[PDB]
Structures are given as structure tokens and as C-alpha cells.
Amino acid sequence: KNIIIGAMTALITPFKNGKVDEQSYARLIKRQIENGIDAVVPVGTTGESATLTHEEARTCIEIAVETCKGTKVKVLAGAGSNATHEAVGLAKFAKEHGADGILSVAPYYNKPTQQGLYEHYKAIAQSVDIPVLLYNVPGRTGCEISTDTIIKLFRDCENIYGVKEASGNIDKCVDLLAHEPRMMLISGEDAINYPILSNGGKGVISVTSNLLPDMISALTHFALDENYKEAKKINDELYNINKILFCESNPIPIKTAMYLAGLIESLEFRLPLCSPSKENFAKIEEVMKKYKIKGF
Amino acid sequence: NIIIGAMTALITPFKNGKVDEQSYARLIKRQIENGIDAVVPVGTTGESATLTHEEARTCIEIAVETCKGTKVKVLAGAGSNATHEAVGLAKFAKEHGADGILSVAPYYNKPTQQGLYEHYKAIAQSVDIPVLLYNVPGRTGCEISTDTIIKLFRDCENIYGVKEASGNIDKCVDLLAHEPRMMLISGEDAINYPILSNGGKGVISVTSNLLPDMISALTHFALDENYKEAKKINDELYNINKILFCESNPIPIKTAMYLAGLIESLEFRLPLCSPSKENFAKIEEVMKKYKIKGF
Ligand SMILES: N[C@@H](CCCC[NH3+])C(=O)O
Ligand SMILES: N[C@@H](CCCC[NH3+])C(=O)O
Ligand SMILES: [Mg+2]
């Protein structure tokens with residue numbers, strides 16, 4: 001199979017006066033590239049995919065593809081939807097606009113059955129020729145992609161090569177790689193990046209990497225080089241910022257951190273997302289001071 | 001200014017991948033003719049997530065014109081997890097003859113209480129028809145707290161209550177004990193009577209798609225404070241109320257409607273699919289204990 005692995009960043013989408021700051025987005029992507037990142041995930045959950053227009057989503061995917069031209073960094077475009085015809089369309093666009101692959105979150109709100117999830121992803125896989133990474137996050141979707149469904153999808157569709165797990169369930173990641181050791185298991189939860197990597201995972205899709213791309217990039221490469229002591233050490237040091245970046249729902253804290261770090265101008269969200277509480281604002285600032293944030 | 005009583009979350013029938021518009025209108029007239037007080041087009045039961053904005057509009061219009069000339073009101077589904085999308089949906093609804101909007105809490109992106117407050121204020125201050133909140137944390141990933149609902153009720157005149165689908169009777173005490181003027185609407189058919197018996201003023205029912213007369217009688221008995229007859233119907237409906245969630249709504253109800261000959265094809269839009277063979281037979285079993293009205 002063709003795969004997209006390693007240290008990857010779920011890119012934030014900066015806003016200036018309610019519009020996508022295109023120069024900032026492009027500017028943030030280059031900062032990721034220059035810090036050892038292997039792939040970028042535009043218009044994911046951290047990128048506020050739910051509140052972006054279909055026209056803004058295509059702009060941000062094009063900025064990513066165009067900023068990584070001439071580099072080793074791949075673009076894993078977010079193209080999920082809880083409507084299958086909608087997800088197929090997004091996957092088709094992302095392919096035709098130069099993305100190296102698609103990240104496709106499990107359907108949210110409507111809670112499809114395991115059979116429905118199978119047909120949903122099969123339709124998506126039959127929609128493009130680029131690699132397809134599943135994304136399982138039950139805390140947001142209301143549903144779980146079972147291990148059986150993932151493995152059946154892995155064996156029945158050539159594009160489906162692994163899963164981004166954000167379920168806090170190390171048991172499931174043992175289950176996956178013990179029955180299908182060929183899949184690419186990707187960490188979607190920064191705090192347990194090393195434990196996921198140490199069991200055979202081949203990359204991360206990180207929130208923290210928005211702020212400390214070099215440290216997440218270092219964590220992954222130590223792990224992939226089987227330097228588990230160096231990987232766990234970085235994992236251990238990052239635990240505090242990894243948890244505090246979820247004091248409120250992602251991406252409220254990470255954008256707050258970027259703003260405090262002077263990496264984006266203005267702390268702008270799209271409703272129903274909004275600035276954090278005063279308490280959370282101050283707590284974020286406290287945790288940040290214990291870490292060295294790279295500039296541009 | 002409210003919309004209460006027995007209401008149906010209409011299923012959305014498909015024929016060859018398209019919305020069977022004549023079957024949709026014929027199902028609405030069957031609800032009207034069986035004592036239902038309002039219809040909820042393109043809600044969760046109507047597969048709102050997988051319909052296009054153009055189809056959503058079509059079913060809202062079919063509902064308004066099929067209920068034109070009747071006392072039956074239209075509570076159109078117009079929620080979204082993007083506020084600008086929810087505002088736009090509310091405006092159309094208004095522009096299109098709907099008597100009000102049902103606005104589900106934002107799903108997937110998990111906004112804070114402050115974000116949910118501003119989300120609903122934006123919707124409410126943008127249109128003038130009544131707005132019923134819809135709280136179903138099992139699907140959205142978020143809960144509209146009791147404080148937030150009450151604040152919305154008190155700060156916006158358009159927001160008049162909440163449809164609760166959280167299986168949390170404690171919260172329904174919490175709501176009506178601190179704000180007894182709001183309209184609490186049950187979103188869980190199995191506990192329709194307990195919610196009504198605490199001061200609830202209506203239901204938005206899945207079961208009413210198949211047995212509209214039974215849900216209609218249950219609600220009106222309760223609103224008439226005939227709780228013994230209301231509970232009696234609620235108890236008789238438990239089996240079908242429960243089996244109708246053997247898989248996620250509306251997979252079972254469409255199976256029931258199809259089995260009963262009320263729709264002609266068992267068609268879903270993906271990622272929704274027909275149920276397992278096992279659940280198909282169980283739904284078929286439970287139906288046999290109920291008298292299903294035709295057209
Ligand atoms: N807000 C809707 C539509 C998203 C359209 C692309 N950003 C959803 O999350 O499914
Ligand atoms: N299926 C997407 C698109 C919106 C159309 C129906 N609300 C969503 O649930 O947000
Ligand atoms: Mg309270």
C-alpha cells in the first residue's frame with residue numbers, strides 16, 4: 001500500500017476579521033516544514049473543518065499543497081463528512097487539487113452502524129486513487145469504528161491504509177496491530193503519542209505540533225528509530241502542555257497558545273467556537289512559560 | 001408564542017435515491033388525519049444530515065403547504081454545528097412559512113457553554129418565529145446545561161423551550177423547577193409520559209410515524225391531566241418504543257414503516273443502511289402487537 005506516516009500536524013486555521021488569513025496559514029505551514037514535520041493535515045478538526053465553507057476548505061487545501069511543493073512534506077487533506085455523498089465529493093476535490101491523501105473522520109451525529117461505516121468508507125475509497133486514513137474519535141462522533149470494521153476496510157480497499165485513533169483506548173491499538181500488523185496506526189492524542197508509537201504505530205497527527213513542531217517531530221523520529229527512551233522522555237516533558245491544550249475543546253486552547261506566542265495575530269474563532277474562559281486563558285499561559293516555542 | 005403538543009419527527013422516504021415527494025406529502029396527511037398537532041420536517045428522524053440544503057427546503061415546503069388550511073403547525077428542523085449555517089437555515093424556514101424551528105445543539109466541534117449561548121442568541125436574534133432548543137448529547141458530544149437553556153429562555157423572546165433527548169429525568173426536574181414557564185418537549189418516546197407528568201407540554205415523536213393516533217392520545221390525555229390513561233398508553237407503547245432504537249434512529253422506524261406498507265421501499269442515504277437481519281425480524285415481531293392505521 002501507499003502510505004502517509006510520521007510526524008504530522010493538524011493545522012489551525014487563523015482568522016483575521018472573520019476571514020481566513022491566507023498569508024498566515026501559508027506562513028504557519030512553512031514553519032512546520034522547517035521544523036521536521038513529515039505531513040500537514042489541512043481543514044481537520046483542529047482546523048475548524050465544521051465551520052469552514054466548502055470554498056474556504058478548498059483554499060486551505062490549495063495553500064497547503066502549494067506550500068509543500070518542492071519539499072518532502074506531504075498534504076493529508078481533511079475530507080470527512082457524516083454524509084457519504086458529501087465525503088466522496090470532498091475526497092474527489094482534494095485529490096484533484098494536489099493533496100497526497102485524505103483524512104476522513106467517522107460520521108458524526110447520525111451514528112451509523114458498523115455496516116454503514118463499512119459502506120461509507122468503501123464508497124470514499126472507491127472515490128479516489130490516493131491513500132485514505134480513517135479517523136476514529138468517538139467522543140465527538142457518537143460512534144466507534146470497531147477493529148473488525150477497520151481490518152475489513154484495510155483488506156477490501158487498496159486506499160485504506162490505517163487509522164488515526166483519538167479514543168484514549170490503548171487496548172484497541174493492541175487489538176488492531178495484533179490482528180492486522182500491516183496497517184498504519186496513527187496517534188490522534190498527543191499525551192499518549194509515545195505509547196501508541198511504542199506498540200507499532202507509524203506516526204502522529206498532533207495538536208501540540210502547532211506550537212512545538214520540533215518536539216513532536218523529534219518524539220516521532222526517535223520512536224521510529226526505535227529509540228524509545230528518547231521518545232518517552234519527550235513524551236513525558238510534553239504531558240503538561242498536551243493536557244492543558246484541552247482545558248477547553250480543541251482548538252480553543254491551541255489557538256490561544258499560538259496567539260500568546262505571537263504566532264498568529266488575533267484570537268479569532270468561528271461560532272459556536274469562542275475564546276476560552278479567563279481561568280483557562282491564564283492557565284494556558286502558565287504552562288506555556290515552561291516550554292521553548294520556536295518562531296518563524 | 002409557542003408550538004407544543006403531539007408532534008411527529010417525519011421520516012424522509014426515498015425512491016431511487018431521491019426524495020419521494022408524493023409519499024412525503026401522503027405521510028404528512030396521515031399524521032394530520034390522526035390527531036397530530038405539529039410535524040417536524042427534516043429533523044434527526046428525517047435524515048437531515050444527509051439531505052442537501054435544496055432537499056431540506058423541499059420537505060419544509062411540502063410540510064407547510066400540506067398543513068396550510070389546517071391547525072397543524074410546522075416545526076422545521078434548522079440546526080447546524082456552524083452558527084452561520086444555522087442562522088441561514090433559520091432564515092429560510094421563516095421565509096418559507098414554517099411556524100418555528102428546531103435547532104439541534106452543535107455536534108462534533110463541542111462548543112463551550114458560552115459558545116452555545118452565543119450560537120443560539122445569533123439564531124434567535126435573526127428571525128422572529130419561535131425557536132425550540134434540541135439537546136441530544138449522545139449524538140452531538142455536548143450538553144446544553146440547565147443554566148444555559150434557562151439563560152437563553154430569559155434573554156431571547158423567540159426561545160421558548162427545549163426538546164430533551166438525554167434520558168435524564170433529573171435534568172427535566174432541574175429545568176421546570178427553576179424555569180416553570182418554558183416548554184419542555186420530550187425527545188424520547190419511551191419516557192413520554194414521565195416527561196409530560198412533570199409539566200412537559202408535548203412530544204416530538206419517532207413512534208408517531210407508525211402509530212400517530214396512539215402518540216396523539218397519550219399526549220392529549222396527559223395535557224388534560226388524565227395521567228392514568230396517558231401512562232396506560234405509554235406502558236402499552238414501551239415494546240415498540242424500545243425496539244425502534246435497536247439500531248440508531250431512523251433505521252428501525254423506516255424498517256417498521258416499510259414492513260407495515262406505509263412506504264414502498266427500504267431506502268436510506270449512506271452512511272445509514274438497512275438493519276441487521278436479526279433486528280429486522282425483532283422489529284417485525286414487536287409490530288404484531290399493535291394496530292397500525294393505514295391511509
Ligand atoms: N458543518 C457541516 C458542513 C461542513 C462543510 C465543510 N466544512 C459539517 O460539519 O458536516
Ligand atoms: N451533513 C452536514 C451538512 C448539513 C446539511 C444538513 N444539516 C451536516 O450535518 O452538518
Ligand atoms: Mg442546576
# chains A, B, ... in the order shown; residues from 1 in each chain; ligands from 1
call {"tool": "residues_around", "arguments": {"residues": "residue 272 (chain A)", "least_positions_apart": "4", "cutoff": "9 Å", "atoms": "only C-alpha atoms", "output": "list in words"}}
result
residues 51 of chain A; 81, 82, 83, 106, 109, 110, 111, 112, 114, 115, 116, 117, 118, 119 and 120 of chain B
call {"tool": "write_last_selection", "arguments": {"atoms": "N, CA and C atoms", "output": "compact mmCIF listing (two decimals), in the first residue's frame"}}
result
# COMPACT_ATOMS: atom_id res chain seq x y z
N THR A 51 -16.96 24.51 10.48
CA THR A 51 -17.46 25.86 10.27
C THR A 51 -16.85 26.56 9.06
N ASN B 81 -24.03 22.76 13.31
CA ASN B 81 -22.88 22.94 14.18
C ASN B 81 -22.00 24.12 13.75
N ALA B 82 -22.37 24.80 12.68
CA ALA B 82 -21.78 26.07 12.28
C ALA B 82 -22.86 27.14 12.42
N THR B 83 -22.57 28.18 13.20
CA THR B 83 -23.60 29.17 13.53
C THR B 83 -24.10 29.90 12.29
N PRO B 106 -24.96 22.15 18.48
CA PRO B 106 -23.83 21.86 17.59
C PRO B 106 -23.14 20.55 17.93
N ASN B 109 -17.98 19.56 17.03
CA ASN B 109 -16.99 20.57 17.42
C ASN B 109 -17.04 20.93 18.90
N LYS B 110 -18.01 20.40 19.66
CA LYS B 110 -18.09 20.51 21.11
C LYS B 110 -17.87 21.92 21.63
N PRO B 111 -18.76 22.87 21.36
CA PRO B 111 -18.59 24.23 21.89
C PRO B 111 -18.83 24.28 23.40
N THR B 112 -18.27 25.32 24.01
CA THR B 112 -18.47 25.59 25.43
C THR B 112 -19.87 26.14 25.67
N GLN B 114 -20.55 29.09 26.87
CA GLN B 114 -20.55 30.43 26.28
C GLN B 114 -20.73 30.37 24.77
N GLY B 115 -20.08 29.41 24.11
CA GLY B 115 -20.25 29.27 22.68
C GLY B 115 -21.66 28.86 22.29
N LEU B 116 -22.26 27.96 23.07
CA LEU B 116 -23.63 27.55 22.81
C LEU B 116 -24.60 28.70 23.04
N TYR B 117 -24.35 29.51 24.07
CA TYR B 117 -25.19 30.68 24.32
C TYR B 117 -25.16 31.63 23.13
N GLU B 118 -23.96 32.00 22.68
CA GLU B 118 -23.84 32.89 21.53
C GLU B 118 -24.37 32.25 20.26
N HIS B 119 -24.22 30.93 20.12
CA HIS B 119 -24.74 30.23 18.96
C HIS B 119 -26.25 30.41 18.85
N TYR B 120 -26.96 30.21 19.96
CA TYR B 120 -28.42 30.32 19.95
C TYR B 120 -28.89 31.77 19.94
call {"tool": "interface_residues", "arguments": {"of": "chain A", "to": "chain B", "cutoff": "6 Å", "atoms": "only C-alpha atoms", "output": "PDB file with N, CA and C atoms, in the first residue's frame"}}
result
ATOM      1  N   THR A  51     -16.956  24.506  10.479  1.00  0.00           N
ATOM      2  CA  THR A  51     -17.465  25.856  10.266  1.00  0.00           C
ATOM      3  C   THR A  51     -16.854  26.557   9.059  1.00  0.00           C
ATOM      4  N   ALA A  83     -22.161  12.750   5.902  1.00  0.00           N
ATOM      5  CA  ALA A  83     -22.944  12.383   4.730  1.00  0.00           C
ATOM      6  C   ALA A  83     -21.990  11.797   3.695  1.00  0.00           C
ATOM      7  N   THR A  84     -22.266  10.562   3.267  1.00  0.00           N
ATOM      8  CA  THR A  84     -21.324   9.848   2.408  1.00  0.00           C
ATOM      9  C   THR A  84     -21.150  10.535   1.060  1.00  0.00           C
ATOM     10  N   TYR A 109     -22.872  12.522  14.702  1.00  0.00           N
ATOM     11  CA  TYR A 109     -24.266  12.867  14.976  1.00  0.00           C
ATOM     12  C   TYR A 109     -25.263  11.781  14.572  1.00  0.00           C
ATOM     13  N   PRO A 112     -24.021   5.920  12.424  1.00  0.00           N
ATOM     14  CA  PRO A 112     -24.252   4.752  11.569  1.00  0.00           C
ATOM     15  C   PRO A 112     -23.800   3.471  12.253  1.00  0.00           C
ATOM     16  N   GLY A 116     -22.913   0.347   8.129  1.00  0.00           N
ATOM     17  CA  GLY A 116     -22.975   1.642   7.471  1.00  0.00           C
ATOM     18  C   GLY A 116     -21.616   2.305   7.363  1.00  0.00           C
ATOM     19  N   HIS A 120     -19.758   3.336   4.005  1.00  0.00           N
ATOM     20  CA  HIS A 120     -19.369   4.741   3.931  1.00  0.00           C
ATOM     21  C   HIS A 120     -17.922   4.895   3.473  1.00  0.00           C
ATOM     22  N   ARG A 140     -16.439  12.798  19.902  1.00  0.00           N
ATOM     23  CA  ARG A 140     -17.069  13.822  19.081  1.00  0.00           C
ATOM     24  C   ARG A 140     -18.131  13.265  18.145  1.00  0.00           C
ATOM     25  N   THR A 141     -17.953  12.037  17.656  1.00  0.00           N
ATOM     26  CA  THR A 141     -18.834  11.491  16.630  1.00  0.00           C
ATOM     27  C   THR A 141     -20.076  10.812  17.185  1.00  0.00           C
ATOM     28  N   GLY A 142     -19.982  10.190  18.356  1.00  0.00           N
ATOM     29  CA  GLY A 142     -21.071   9.378  18.853  1.00  0.00           C
ATOM     30  C   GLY A 142     -21.029   7.944  18.379  1.00  0.00           C
ATOM     31  N   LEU A 271     -18.005  30.932  15.440  1.00  0.00           N
ATOM     32  CA  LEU A 271     -19.028  30.393  16.316  1.00  0.00           C
ATOM     33  C   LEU A 271     -19.538  29.056  15.775  1.00  0.00           C
ATOM     34  N   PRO A 272     -19.926  28.122  16.660  1.00  0.00           N
ATOM     35  CA  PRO A 272     -20.078  28.265  18.112  1.00  0.00           C
ATOM     36  C   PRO A 272     -18.775  28.196  18.914  1.00  0.00           C
ATOM     37  N   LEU A 273     -17.622  28.186  18.255  1.00  0.00           N
ATOM     38  CA  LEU A 273     -16.371  28.240  18.992  1.00  0.00           C
ATOM     39  C   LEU A 273     -16.046  29.685  19.360  1.00  0.00           C
ATOM     40  N   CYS A 274     -15.428  29.857  20.525  1.00  0.00           N
ATOM     41  CA  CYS A 274     -15.215  31.176  21.102  1.00  0.00           C
ATOM     42  C   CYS A 274     -13.966  31.126  21.976  1.00  0.00           C
TER      43      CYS A 274
END
call {"tool": "residues_near_ligand", "arguments": {"ligand": "ligand 3", "cutoff": "9 Å", "atoms": "only C-alpha atoms and all ligand atoms", "output": "VMD selection string"}}
result
chain B and resid 145 to 147 171 174 to 175 178
call {"tool": "atom_distance", "arguments": {"atom1": "CA of residue 250 (chain A)", "atom2": "CA of residue 159 (chain B)"}}
result
28.4 Å
call {"tool": "select_by_dssp", "arguments": {"residues": "region 12-219 of chain A", "states": "alpha helix (DSSP H)", "output": "number ranges by chain"}}
result
A: 22-33, 54-67, 84-96, 114-125, 138-141, 147-156, 170-179, 193-198, 213-219
call {"tool": "atom_distance", "arguments": {"atom1": "CA of residue 102 (chain B)", "atom2": "CA of residue 132 (chain B)"}}
result
5.1 Å
call {"tool": "residues_around", "arguments": {"residues": "region 11-24 of chain B", "least_positions_apart": "3", "cutoff": "12 Å", "atoms": "only C-alpha atoms", "output": "VMD selection string"}}
result
(chain A and resid 85) or (chain B and resid 8 27 to 31 39 to 52 54 to 63 65 to 66 205 to 210 249 to 258 261 to 270 295)
call {"tool": "closest_atom_pairs", "arguments": {"of": "chain A", "to": "ligand 1", "cutoff": "10 Å", "atoms": "only C-alpha atoms and all ligand atoms", "output": "JSON lines"}}
result
{"residue": "A:43", "atom": "CA", "partner": "ligand 1", "partner_atom_place_in_ligand_line": "7 (N)", "distance": 7.9}
{"residue": "A:44", "atom": "CA", "partner": "ligand 1", "partner_atom_place_in_ligand_line": "7 (N)", "distance": 9.3}
{"residue": "A:45", "atom": "CA", "partner": "ligand 1", "partner_atom_place_in_ligand_line": "9 (O)", "distance": 9.4}
{"residue": "A:47", "atom": "CA", "partner": "ligand 1", "partner_atom_place_in_ligand_line": "7 (N)", "distance": 9.7}
{"residue": "A:48", "atom": "CA", "partner": "ligand 1", "partner_atom_place_in_ligand_line": "7 (N)", "distance": 7.7}
{"residue": "A:49", "atom": "CA", "partner": "ligand 1", "partner_atom_place_in_ligand_line": "7 (N)", "distance": 4.6}
{"residue": "A:50", "atom": "CA", "partner": "ligand 1", "partner_atom_place_in_ligand_line": "9 (O)", "distance": 3.6}
{"residue": "A:51", "atom": "CA", "partner": "ligand 1", "partner_atom_place_in_ligand_line": "1 (N)", "distance": 5.2}
{"residue": "A:52", "atom": "CA", "partner": "ligand 1", "partner_atom_place_in_ligand_line": "7 (N)", "distance": 4.3}
{"residue": "A:53", "atom": "CA", "partner": "ligand 1", "partner_atom_place_in_ligand_line": "7 (N)", "distance": 5.0}
{"residue": "A:54", "atom": "CA", "partner": "ligand 1", "partner_atom_place_in_ligand_line": "6 (C)", "distance": 4.9}
{"residue": "A:55", "atom": "CA", "partner": "ligand 1", "partner_atom_place_in_ligand_line": "6 (C)", "distance": 8.5}
{"residue": "A:56", "atom": "CA", "partner": "ligand 1", "partner_atom_place_in_ligand_line": "7 (N)", "distance": 8.0}
{"residue": "A:57", "atom": "CA", "partner": "ligand 1", "partner_atom_place_in_ligand_line": "7 (N)", "distance": 6.3}
{"residue": "A:58", "atom": "CA", "partner": "ligand 1", "partner_atom_place_in_ligand_line": "7 (N)", "distance": 9.5}
{"residue": "A:78", "atom": "CA", "partner": "ligand 1", "partner_atom_place_in_ligand_line": "7 (N)", "distance": 9.5}
{"residue": "A:79", "atom": "CA", "partner": "ligand 1", "partner_atom_place_in_ligand_line": "6 (C)", "distance": 8.3}
{"residue": "A:80", "atom": "CA", "partner": "ligand 1", "partner_atom_place_in_ligand_line": "10 (O)", "distance": 8.1}
{"residue": "A:81", "atom": "CA", "partner": "ligand 1", "partner_atom_place_in_ligand_line": "10 (O)", "distance": 5.3}
{"residue": "A:82", "atom": "CA", "partner": "ligand 1", "partner_atom_place_in_ligand_line": "10 (O)", "distance": 6.0}
{"residue": "A:83", "atom": "CA", "partner": "ligand 1", "partner_atom_place_in_ligand_line": "10 (O)", "distance": 7.5}
{"residue": "A:86", "atom": "CA", "partner": "ligand 1", "partner_atom_place_in_ligand_line": "5 (C)", "distance": 8.4}
{"residue": "A:87", "atom": "CA", "partner": "ligand 1", "partner_atom_place_in_ligand_line": "10 (O)", "distance": 9.2}
{"residue": "A:90", "atom": "CA", "partner": "ligand 1", "partner_atom_place_in_ligand_line": "6 (C)", "distance": 8.3}
{"residue": "A:107", "atom": "CA", "partner": "ligand 1", "partner_atom_place_in_ligand_line": "10 (O)", "distance": 8.7}
{"residue": "A:108", "atom": "CA", "partner": "ligand 1", "partner_atom_place_in_ligand_line": "10 (O)", "distance": 7.9}
{"residue": "A:109", "atom": "CA", "partner": "ligand 1", "partner_atom_place_in_ligand_line": "10 (O)", "distance": 9.3}
call {"tool": "residues_around", "arguments": {"residues": "residue 121 (chain B)", "least_positions_apart": "4", "cutoff": "8 Å", "atoms": "only C-alpha atoms", "output": "PyMOL selection string"}}
result
chain B and resi 117+125+152+156
call {"tool": "decode", "arguments": {"residues": "region 179-196 of chain B", "atoms": "N, CA, C and O atoms", "output": "PDB file, in the first residue's frame"}}
result
ATOM      1  N   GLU B 179     -37.317  27.104  36.002  1.00  0.00           N
ATOM      2  CA  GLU B 179     -37.963  27.924  34.978  1.00  0.00           C
ATOM      3  C   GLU B 179     -39.239  27.222  34.537  1.00  0.00           C
ATOM      4  O   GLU B 179     -39.288  26.579  33.483  1.00  0.00           O
ATOM      5  N   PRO B 180     -40.305  27.313  35.339  1.00  0.00           N
ATOM      6  CA  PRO B 180     -41.556  26.611  35.000  1.00  0.00           C
ATOM      7  C   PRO B 180     -42.309  27.201  33.815  1.00  0.00           C
ATOM      8  O   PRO B 180     -43.331  26.635  33.420  1.00  0.00           O
ATOM      9  N   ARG B 181     -41.859  28.321  33.241  1.00  0.00           N
ATOM     10  CA  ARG B 181     -42.557  28.932  32.117  1.00  0.00           C
ATOM     11  C   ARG B 181     -42.107  28.394  30.766  1.00  0.00           C
ATOM     12  O   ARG B 181     -42.768  28.656  29.763  1.00  0.00           O
ATOM     13  N   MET B 182     -41.012  27.653  30.719  1.00  0.00           N
ATOM     14  CA  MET B 182     -40.524  27.119  29.458  1.00  0.00           C
ATOM     15  C   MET B 182     -41.368  25.923  29.016  1.00  0.00           C
ATOM     16  O   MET B 182     -42.108  25.322  29.800  1.00  0.00           O
ATOM     17  N   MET B 183     -41.265  25.595  27.732  1.00  0.00           N
ATOM     18  CA  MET B 183     -41.960  24.442  27.163  1.00  0.00           C
ATOM     19  C   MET B 183     -40.952  23.306  27.031  1.00  0.00           C
ATOM     20  O   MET B 183     -40.123  23.302  26.119  1.00  0.00           O
ATOM     21  N   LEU B 184     -41.032  22.334  27.935  1.00  0.00           N
ATOM     22  CA  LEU B 184     -40.170  21.159  27.879  1.00  0.00           C
ATOM     23  C   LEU B 184     -40.810  20.098  26.985  1.00  0.00           C
ATOM     24  O   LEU B 184     -41.942  19.665  27.235  1.00  0.00           O
ATOM     25  N   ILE B 185     -40.084  19.681  25.947  1.00  0.00           N
ATOM     26  CA  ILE B 185     -40.575  18.735  24.949  1.00  0.00           C
ATOM     27  C   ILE B 185     -39.745  17.460  25.042  1.00  0.00           C
ATOM     28  O   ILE B 185     -38.513  17.522  25.054  1.00  0.00           O
ATOM     29  N   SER B 186     -40.420  16.310  25.102  1.00  0.00           N
ATOM     30  CA  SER B 186     -39.746  15.021  25.192  1.00  0.00           C
ATOM     31  C   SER B 186     -39.263  14.566  23.829  1.00  0.00           C
ATOM     32  O   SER B 186     -40.035  14.560  22.856  1.00  0.00           O
ATOM     33  N   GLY B 187     -37.999  14.145  23.759  1.00  0.00           N
ATOM     34  CA  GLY B 187     -37.444  13.581  22.539  1.00  0.00           C
ATOM     35  C   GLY B 187     -37.169  12.091  22.620  1.00  0.00           C
ATOM     36  O   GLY B 187     -36.419  11.548  21.808  1.00  0.00           O
ATOM     37  N   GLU B 188     -37.749  11.429  23.618  1.00  0.00           N
ATOM     38  CA  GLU B 188     -37.518  10.010  23.863  1.00  0.00           C
ATOM     39  C   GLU B 188     -38.869   9.353  24.092  1.00  0.00           C
ATOM     40  O   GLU B 188     -39.475   9.523  25.156  1.00  0.00           O
ATOM     41  N   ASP B 189     -39.325   8.586  23.100  1.00  0.00           N
ATOM     42  CA  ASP B 189     -40.699   8.099  23.109  1.00  0.00           C
ATOM     43  C   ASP B 189     -40.993   7.237  24.329  1.00  0.00           C
ATOM     44  O   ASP B 189     -42.109   7.285  24.865  1.00  0.00           O
ATOM     45  N   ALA B 190     -40.013   6.453  24.784  1.00  0.00           N
ATOM     46  CA  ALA B 190     -40.265   5.521  25.878  1.00  0.00           C
ATOM     47  C   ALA B 190     -40.635   6.242  27.169  1.00  0.00           C
ATOM     48  O   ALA B 190     -41.375   5.691  27.993  1.00  0.00           O
ATOM     49  N   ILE B 191     -40.142   7.464  27.370  1.00  0.00           N
ATOM     50  CA  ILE B 191     -40.415   8.193  28.605  1.00  0.00           C
ATOM     51  C   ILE B 191     -41.256   9.430  28.325  1.00  0.00           C
ATOM     52  O   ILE B 191     -41.130  10.447  29.021  1.00  0.00           O
ATOM     53  N   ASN B 192     -42.124   9.355  27.311  1.00  0.00           N
ATOM     54  CA  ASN B 192     -43.010  10.477  27.011  1.00  0.00           C
ATOM     55  C   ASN B 192     -43.864  10.846  28.221  1.00  0.00           C
ATOM     56  O   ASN B 192     -43.911  12.015  28.626  1.00  0.00           O
ATOM     57  N   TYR B 193     -44.554   9.866  28.811  1.00  0.00           N
ATOM     58  CA  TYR B 193     -45.434  10.165  29.941  1.00  0.00           C
ATOM     59  C   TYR B 193     -44.694  10.724  31.153  1.00  0.00           C
ATOM     60  O   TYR B 193     -45.171  11.719  31.728  1.00  0.00           O
ATOM     61  N   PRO B 194     -43.577  10.147  31.618  1.00  0.00           N
ATOM     62  CA  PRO B 194     -42.882  10.770  32.759  1.00  0.00           C
ATOM     63  C   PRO B 194     -42.494  12.216  32.511  1.00  0.00           C
ATOM     64  O   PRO B 194     -42.577  13.044  33.425  1.00  0.00           O
ATOM     65  N   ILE B 195     -42.066  12.547  31.293  1.00  0.00           N
ATOM     66  CA  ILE B 195     -41.722  13.931  30.988  1.00  0.00           C
ATOM     67  C   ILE B 195     -42.969  14.806  31.003  1.00  0.00           C
ATOM     68  O   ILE B 195     -42.956  15.923  31.537  1.00  0.00           O
ATOM     69  N   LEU B 196     -44.066  14.317  30.420  1.00  0.00           N
ATOM     70  CA  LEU B 196     -45.308  15.081  30.439  1.00  0.00           C
ATOM     71  C   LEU B 196     -45.827  15.247  31.863  1.00  0.00           C
ATOM     72  O   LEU B 196     -46.298  16.328  32.236  1.00  0.00           O
TER      73      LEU B 196
END
